[PDB]
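>>> Sequence, then the experimental structure. Questions to follow.
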Amino acid sequence: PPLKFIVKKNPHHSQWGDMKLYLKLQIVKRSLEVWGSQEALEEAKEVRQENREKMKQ
DNA sequence: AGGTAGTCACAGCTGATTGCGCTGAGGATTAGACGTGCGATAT
């Protein structure tokens, strides 16, 4: 299902607020569904940072 | 000795990724009292 969000003005200045906020539980559930497991997500972020280091070098 | 498989000079495409434009809030940047001066005027 689509994930809803709340457009809440930032507690800081009125410079550019109106930030979107999502429920943490829904985001975690969606991430687990997409990636299968938390270990897969950890491996994905590790290989992403490794690729970032490879690209910068 | 013959055939072909990479390989490099470009070019194209794709999928991402991350990177700056979108404004807005908390901190450093000359006309009345007071005198004079002068001229018309009390003793």
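That came in fine, so what should we check first? Numbers count the residues shown, from 1 in each chain, chains lettered A, B, ... in the order given.
>>> The longest helix along chain A and DNA strand B, any residue contact?
Ordering each helix of chain A by length in residues (DSSP state H) puts helix A:38-56 first. Yes: residues of helix A:38-56 contacting DNA strand B under C-beta under 7 Å from any atom of the strand: A:48, A:52. (Each C-beta comes from the backbone N, C-alpha and C, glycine too.)
>>> ok now that helix, how far from the chain's centre?
Helix A:38-56 sits 14 Å away from the centroid of its parent chain (C-alpha atoms, centre = their mean, to the nearest Å).
>>> what helices or strands is that helix leaning on?
Judged by 3 or more C-beta pairs under 8 Å, 6 or more residues apart in numbering; DSSP states H and E, the packing partners of helix A:38-56 are helix A:24-35.
>>> Now do the helix it packs on against helix A:38-56, angle only.
Orientation of helix A:24-35 against helix A:38-56 (axes from the mean of the first three to the mean of the last three C-alpha atoms, to 10 degrees) gives an angle of 80 degrees.
>>> what's next to helix A:24-35, contact-wise?
The contact list for helix A:24-35 (C-beta atoms under 8 Å, 6 or more residues apart in numbering) reads A:3, A:38, A:41, A:44.
>>> so which of the residues you listed is the most crowded?
residue A:41 (15 neighbours; other C-beta atoms under 10 Å).
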